[PDB]
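The next block holds one structure in the form of structure tokens; read it before the comments.
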Amino acid sequence: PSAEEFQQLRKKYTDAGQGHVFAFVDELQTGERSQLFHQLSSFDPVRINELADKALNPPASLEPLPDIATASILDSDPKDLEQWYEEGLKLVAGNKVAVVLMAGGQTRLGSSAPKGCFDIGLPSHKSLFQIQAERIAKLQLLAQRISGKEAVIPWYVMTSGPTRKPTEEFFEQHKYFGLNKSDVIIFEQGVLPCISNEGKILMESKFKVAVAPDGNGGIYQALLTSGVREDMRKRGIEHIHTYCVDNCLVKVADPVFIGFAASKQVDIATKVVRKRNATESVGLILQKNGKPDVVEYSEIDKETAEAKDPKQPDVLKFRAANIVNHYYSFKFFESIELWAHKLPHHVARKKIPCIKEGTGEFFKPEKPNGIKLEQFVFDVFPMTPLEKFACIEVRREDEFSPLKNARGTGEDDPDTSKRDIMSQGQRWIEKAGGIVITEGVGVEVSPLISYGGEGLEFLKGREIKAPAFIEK
Ligand SMILES: CC(=O)N[C@H]1[C@@H](OP(=O)(O)O)O[C@H](CO)[C@@H](O)[C@@H]1O
Ligand SMILES: N[C@@H](CC(=O)O)c1cccs1
Ligand SMILES: N#Cc1cccc(N)c1
Ligand SMILES: [Mg+2]
Numbered sequence: 027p028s029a030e031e032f033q034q035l036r037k038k039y040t041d042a043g044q045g046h047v048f049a050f051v052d053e054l055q056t057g058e059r060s061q062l063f064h065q066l067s068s069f070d071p072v073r074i075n076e077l078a079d080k081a082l083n084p085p092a093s094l095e096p097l098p099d100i101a102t103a104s105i106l107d108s109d110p111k112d113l114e115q116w117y118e119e120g121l122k123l124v125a126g127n128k129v130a131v132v133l134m135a136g137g138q140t141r142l143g144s145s146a147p148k149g150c151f152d153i154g155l156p157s158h159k160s161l162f163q164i165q166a167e168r169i170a171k172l173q174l175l176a177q178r179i180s181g182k183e184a185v186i187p188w189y190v191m192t193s194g195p196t197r198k199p200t201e202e203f204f205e206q207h208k209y210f211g212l213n214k215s216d217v218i219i220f221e222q223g224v225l226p227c228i229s230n231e232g233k234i235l236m237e238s239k240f241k242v243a244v245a246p247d248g249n250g251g252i253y254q255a256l257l258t259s260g261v262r263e264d265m266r267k268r269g270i271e272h273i274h275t276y277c278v279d280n281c282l283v284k285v286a287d288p289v290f291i292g293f294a295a296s297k298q299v300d301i302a303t304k305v306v307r308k309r310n311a312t313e314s315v316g317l318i319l320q321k322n323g324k325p326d327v328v329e330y331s332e333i334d335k336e337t338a339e340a341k342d343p344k345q346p347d348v349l350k351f352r353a354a355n356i357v358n359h360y361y362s363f364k365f366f367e368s369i370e371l372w373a374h375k376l377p378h379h380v381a382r383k384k385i386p387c388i389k390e391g392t393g394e395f396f397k398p399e400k401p402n403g404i405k406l407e408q409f410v411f412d413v414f415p416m417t418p419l420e421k422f423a424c425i426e427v428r429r430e431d432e433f434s435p436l437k438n439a440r441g442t443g444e445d446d447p448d449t450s451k452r453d454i455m456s457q458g459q460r461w462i463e464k465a466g467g468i469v470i471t472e473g476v477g478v479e480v481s482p483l484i485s486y487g488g489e490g491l492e493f494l495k496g497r498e499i500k501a502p503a504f505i506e507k
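As numbered in the authors' numbering, residues 27 to 85, 92 to 138, 140 to 473, 476 to 507 make up the sequence shown, in order.
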């Protein structure tokens with residue numbers, strides 16, 4: 027507001043080679059001026075230059097994880113599965129388990146609304162959010178069955194600038210899907226400015242810098258400034274499940290996963306499924322320089338993606354596909370301030386509509402004109418010793434069905450999503466003794484009826500005409 031303050035900021039940016047952001051301040055109303063001022067005050071231009079330099083002029093041994101760090105639901109001792117399930121449910125019952133939902137993604142889907150609101154066309158027309166909340170509701174009920182006391186899994190929902198407000202409205206319109214409003218917290222990750230190919234801050238309007246969400250790796254710094262970590266501490270949380278909004282099969286706060294990690298006493302555990310083929314758009318979990326790590330599908334070499342296991346020439350050497358289902362101890366979140374700044378910035382070339390520095394005409398670029406920076410949630414893995422890390426294989430058909438693409442794509446889209454949920458529901462019923470007569476597919480089982488296939492005895496011997504919906 028004061029010329030003294032506005033000039034000092036203009037000197038900082040102009041000294042930093044970013045003076046062009048003041049190019050149009052004389053055309054500006056006093057409100058558009060204070061907006062430009064406060065947004066520019068929130069960035070350190072010299073820090074921006076450092077980020078841009080490392081992204082635009084940037085300056092190792094890879095093996096599978098050692099078996100001491102891996103497990104698999106597909107061949108664990110059934111006694112371990114039962115023990116891990118029970119211990120997981122006891123942790124839920126003790127009110128020590130929190131969930132962080134990563135829902136700050138806008140693009141491959143072409144929907145205006147947050148991805149969590151999407152109706153994949155199930156007979157219930159439930160959104161991804163609602164299905165996920167109902168797994169929470171159901172899990173809290175199952176855990177009460179082994180304590181006779183209320184169980185609470187707080188739901189921390191991480192949004193972005195783009196998705197925050199519509200997410201909150203959506204939850205409020207659905208009355209938080211029957212959870213207690215005081216146990217669901219919506220918070221927001223931060224942003225970084227978008228950077229041109231020449232290292233210049235890009236301007237979205239004559240008074241606003243173009244910025245973008247700082248990647249799901251922004252979760253950690255967001256846990257601090259939002260107050261979520263403090264809330265977790267107040268609730269006595271000790272175990273956190275973090276996952277991506279787009280997976281309609283996500284086993285929220287999965288008791289087997291939690292029990293497995295807590296009994297191994299790891300700082301961090303993560304779920305994988307067998308990679309479907311060499312080109313699947315998934316990060317690969319592996320051992321890099323003797324540490325647990327993830328190579329993202331956008332950064333891996335073709336030679337690495339196609340390497341083959343020696344005695345199995347038709348199988349991929351690296352096939353532990355990351356399904357974005359992570360466990361943390363609370364102790365680990367208590368260290369965020371020591372290492373949140375060590376997280377790398379990954380770089381994507383983007384077409385960012387902006388104002389031309391010269392004339393000032395808002396234009397959509399032909400070719401990629403700049404970059405976006407993103408920290409990745411899993412880049413904490415190499416901070417974690419192998420002995421404090423666990424990677425457990427799950428079943429894709431039960432645990433991983435991501436919504437990445439629009440209806441009509443043919444993979445990882447609303448139709449494969451719906452088909453996976455309903456194939457799962459039929460499978461559950463059949464194992465419980467039900468019969469599904471199909472004349473044309477599958478059955479949608481509400482999470483409030485069954486979290487993971489239990490509680491379906493009441494359908495033994497009963498015939499079900501697919502498509503069907505089983506609800507309370
Ligand atoms: C930073 C991050 O979480 N990347 C994840 C995430 O990729 P996306 O770019 O967001 O589609 O989801 C994939 C699973 O669907 C996972 O394999 C990958 O490693
Ligand atoms: N997760 C992706 C998102 C995108 O490509 O838009 C990124 C990789 C590297 C920087 S951003
Ligand atoms: N738990 C824990 C912890 C504390 C400090 C640093 C790292 N890498 C982990
Ligand atoms: Mg193993």
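Each residue gets a CB set at the ideal place from its N, CA and C atoms; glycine is no exception.
**Asked** In angstroms, rounded to a whole number, what distance separates the CA positions of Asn249 and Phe32?
**Response** Here residue 249 is taken as the residue at index 216 of the sequence shown, counted from 1. Here residue 32 is taken as the residue at index 6 of the sequence shown, counted from 1. Looking at the two C-alpha atoms, the distance is approximately 33 Å.
**Prompt:** Relative to the alpha-carbon of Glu399, which residue among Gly269, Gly487, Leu406 and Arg382 has its alpha-carbon at the smallest distance?
**Reply:** Stepping through the sequence shown from its first residue, residue 399 is reached at position 366. Of the candidates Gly269, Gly487, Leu406 and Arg382, the one whose C-alpha sits nearest the C-alpha of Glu399 is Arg382.
**Item:** Cutoff 6 Å; reference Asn127; Cβ partners in own chain excluding five residues on either side
**Value:** Locating residue 127 in the sequence shown gives position 95, counting from the first residue. The answer, listed in chain order, is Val185.
**Prompt:** With burial defined as no fewer than 16 other Cβ atoms inside 10 Å of the residue's Cβ, what is the status of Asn355: buried or exposed?
**Reply:** Counted from its first residue, the sequence shown places residue 355 at position 322. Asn355 comes out buried.
**Asked** Hey, out of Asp453, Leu436 and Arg460, whose CA is closest to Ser144's CA?
**Response** Numbered from 1 along the sequence shown, position 111 holds the residue referred to as residue 144. If we check each option's Cα against that of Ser144, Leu436 comes out closest.
**Asked** Assuming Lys284 contacts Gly487 under a Cβ cut-off of 8 Å, what Cβ separation, rounded to an integer in Å, is found between them?
**Response** In the sequence shown, residue 284 corresponds to position 251, counting from 1. In the sequence shown, residue 487 corresponds to position 452, counting from 1. The beta-carbon separation of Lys284 and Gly487, rounded to 6 Å, stays under the 8 Å limit for a contact.
**Cα-Cα separation, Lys341 to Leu349** = Indexing the sequence shown from 1 puts residue 341 at position 308. Indexing the sequence shown from 1 puts residue 349 at position 316. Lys341 and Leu349 have their C-alpha atoms spaced approximately 4 Å apart.
**Request:** Specify the secondary structure class of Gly496 as computed by DSSP and reduced to three states.
**Result:** Looking up residue 496 in the sequence shown gives position 461. In the structure shown, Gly496 sits in coil (DSSP, three-state: anything other than H, G, I, E or B).
**Request:** With DSSP collapsed to three states, give me the class of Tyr276.
**Result:** By one-based count along the sequence shown, residue 276 stands at place 243. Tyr276 falls in the strand class under three-state DSSP.
**Prompt:** Taking C-alpha atoms, which residue in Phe220, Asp216, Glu183 and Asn213 lies nearest to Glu201?
**Reply:** Numbered from 1 along the sequence shown, position 168 holds the residue referred to as residue 201. If we check each option's Cα against that of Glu201, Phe220 comes out closest.
**Asked** Leaving out five residues before and five after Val469 in sequence, what residues of the same chain have Cβ atoms less than 7 Å from its Cβ?
**Response** Numbered from its first residue, the sequence shown carries residue 469 at position 436. Apart from sequence neighbours up to five positions away, the residues of its chain that approach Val469 with a beta-carbon distance below 7 Å are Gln459, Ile462, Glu463, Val478, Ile499 and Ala501, ordered along the chain.
**Item:** Euclidean distance between Cα positions of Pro447 and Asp431
**Value:** Stepping through the sequence shown from its first residue, residue 447 is reached at position 414. Stepping through the sequence shown from its first residue, residue 431 is reached at position 398. Answer to the nearest angstrom: the Cα atoms are 16 Å apart.
**Item:** Bridge-paired residues (DSSP) for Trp188
**Value:** The residue given as residue 188 occupies position 155 in the sequence shown. DSSP links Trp188 through a beta bridge to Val131 and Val217.
**Prompt:** Under the rule that 16 or more other beta-carbon atoms within 10 Å means buried, what is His64, buried or exposed?
**Reply:** Here residue 64 refers to the residue found at position 38 when the sequence shown is read from its first residue. With fewer than 16 Cβ atoms within 10 Å of its Cβ, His64 is classed as exposed.
**Request:** Please determine, among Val327, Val289 and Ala166, the residue with the shortest C-alpha to C-alpha distance to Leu106.
**Result:** In the sequence shown, the residue the question calls residue 106 occupies position 74. Comparing Cα positions, the closest option is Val289.
**Item:** Uninterrupted beta strand (DSSP E) stretches inside the stretch 236 to 292 (no shorter than 3 residues)
**Value:** Complete beta strand (DSSP E) runs here, min 3: 236 to 238, 244 to 246 and 272 to 277.
**Message:** Considering Cα atoms alone, identify which of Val132, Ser93 and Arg262 is closest to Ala166.
**Reply:** Locating residue 166 in the sequence shown gives position 133, counting from the first residue. Per the Cα distances, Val132.
**Request:** Along the alpha helix (DSSP H) that carries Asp79, what are the first and last residues, could you check?
**Result:** The count along the sequence shown starts at 1 and reaches residue 79 at position 53. Unbroken alpha helix (DSSP H) run through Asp79: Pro71 to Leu82.
**Asked** If you compare alpha carbons, which of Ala130, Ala503 and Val47 is closest to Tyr361?
**Response** Taking the first residue of the sequence shown as 1, we reach residue 361 at position 328. Ranking the options by Cα distance to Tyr361, first place goes to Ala130.
**Message:** Quick check: does the Cβ of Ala353 come within less than 7 Å of any heavy atom belonging to ligand 4?
**Reply:** In the sequence shown, the residue the question calls residue 353 occupies position 320. Flag unset: Cβ of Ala353 not near ligand 4.
**Request:** Give the DSSP-derived three-state secondary structure of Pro226 in the structure shown.
**Result:** Numbered from its first residue, the sequence shown carries residue 226 at position 193. Correct three-state label for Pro226: strand.
**Message:** Just verifying my parser: in three-state terms, what is the DSSP assignment at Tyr360?
**Reply:** Counting from one through the sequence shown, the residue named residue 360 turns up at place 327. Residue state, collapsed to three classes: strand.
**Asked** Closest by CA to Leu66, which one among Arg307, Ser93, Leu35 and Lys239?
**Response** Position 40 of the sequence shown, counting from 1, holds the residue named residue 66. Answer by Cα proximity: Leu35.
**When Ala146, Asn310 and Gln320 are compared against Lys335, the one with the closest alpha-carbon** = Residue 335 sits at position 302 when you count from the first residue of the sequence shown. That would be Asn310, whose Cα lies nearest to the Cα of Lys335.
**Message:** Count Cβ pairs between the stretch 254 to 264 and the stretch 418 to 426 that sit closer than 8 Å; are there 3 or more?
**Reply:** Segment contact: the stretch 254 to 264 against the stretch 418 to 426, fewer than three CB-CB distances shorter than 8 Å; contact not assigned.
**Asked** Any residues whose CB sits closer than 6 Å to a heavy atom of ligand 4? List them in chain order?
**Response** For ligand 4, the selected residues are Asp99, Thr102 and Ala103.
**Request:** Consider the C-beta atom of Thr417 and the heavy atoms of ligand 3; say whether any pair is separated by less than 7 Å.
**Result:** Along the sequence shown, read from residue 1 onward, the residue named residue 417 stands at position 384. True, at least one ligand heavy atom lies under 7 Å from that Cβ.
**Request:** Classify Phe50 as helix, strand or coil using the three-state DSSP reduction.
**Result:** Translated into the one-based positions of the sequence shown, residue 50 becomes position 24. Three-state result, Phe50: coil.
**Prompt:** So which of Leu142, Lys321 and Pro187 has the shortest CA-CA distance to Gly443?
**Reply:** Taking the sequence shown and counting its residues from 1, the one referred to as residue 443 is at position 410. The candidate whose alpha carbon is nearest that of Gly443 is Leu142.
**Prompt:** Between the stretch 209 to 220 and the stretch 145 to 157, are three or more C-beta pairs nearer than 8 Å?
**Reply:** no
**Request:** Examine ligand 3 and report whether any of its heavy atoms sits within less than 7 Å of the Cβ of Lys364.
**Result:** As a first step, residue 364 must be located in the sequence shown, where it is residue number 331. Yes; taking the cut-off as 7 Å, the Cβ of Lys364 has a heavy atom of ligand 3 nearer than that.
**Prompt:** Hey, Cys281 and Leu161 are a contact pair by Cβ (cut 8 Å); roughly how many whole angstroms apart?
**Reply:** Taking the first residue of the sequence shown as 1, we reach residue 281 at position 248. Taking the first residue of the sequence shown as 1, we reach residue 161 at position 128. Contact holds; Cβ gap of about 6 Å.
**Prompt:** In the DSSP assignment, what residue or residues form a beta bridge with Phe395?
**Reply:** Taking the sequence shown and counting its residues from 1, one reaches residue 395 at position 362. DSSP, once it has assigned bridges, lists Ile388 as partnering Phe395.
**Request:** In angstroms with no decimal places, state the Cα-to-Cα distance between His272 and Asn358.
**Result:** The residue labelled residue 272 in the question sits at position 239 within the sequence shown. The residue labelled residue 358 in the question sits at position 325 within the sequence shown. The straight-line gap from Cα to Cα measures roughly 13 Å.
**Prompt:** Assuming residue 91 contacts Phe293 under a Cβ cut-off of 8 Å, what Cβ separation, rounded to an integer in Å, is found between them?
**Reply:** Residue numbering in the chain jumps from 85 to 92; residue 91, which lies between, is not modelled.
**Message:** Could you tell me the alpha carbon to alpha carbon distance between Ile270 and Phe351, rounded to whole angstroms?
**Reply:** Position 237 of the sequence shown, counted from the first residue, corresponds to residue 270. Position 318 of the sequence shown, counted from the first residue, corresponds to residue 351. As the crow flies, the alpha-carbon of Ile270 is around 34 Å from that of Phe351.
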